[PDB]
C-alpha cells in the first residue's frame, strides 16, 4: 500500500528574531519507508539536521522528525524538501511563521 507523506514545518517556540529556537519538520503517514528529507535555509541545505522520533501509527504508516537549531531573522526563510516514491516531484513545504 502506498501512502503519501504529510509534511509539517514548525518551531518549538513562537518565532522571535535573534532568539535561539528549534525548527521541526514532521513527515508522517507515509509508506513504503524509504524517503529523503532535507531542511533548507534560503535554498541552501542545512548540515546539522537531527532525525528522530521514528515510529508508526495503528495503520502502520511511518512517522519521522527532522529538526535543527536555528535563530529567526526578518530575512531568512526555511523549508523542508521531501522525496518519496508516492510523489513524482520532490515536495517542499515552507515554514510559515505567521500560522
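Residue numbers count along the first chain shown, from 1. Just so we're on the same page, rigid core means the largest C-alpha set that superposes within 1.5 Å between forms.
Asker: Would you mind working out which of 52-60 and 23-31 sits farther from this form in 7 other deposited structures of this protein by RMS C-alpha distance, with the rigid core as the fit?
Answerer: Evaluated in 7 other deposited structures of this protein, the stretch farther from the shown form is 52-60.
Asker: Comparing 85-93 with 8-16, which stretch shows the greater average C-alpha B-factor in the deposited entry?
Answerer: Per the deposited B-factors, the answer is 85-93.
Asker: May I ask you to compare 63-71 and 31-39 by their mean CA B factor in the entry and name the higher one?
Answerer: Comparing averages over the C-alpha atoms only gives 31-39.
Asker: Would you please rank residue 51 by its C-alpha temperature factor against the other modelled residues of its chain and give the third it falls in: lowest, middle or highest?
Answerer: Tercile = middle for this residue's CA B-factor.
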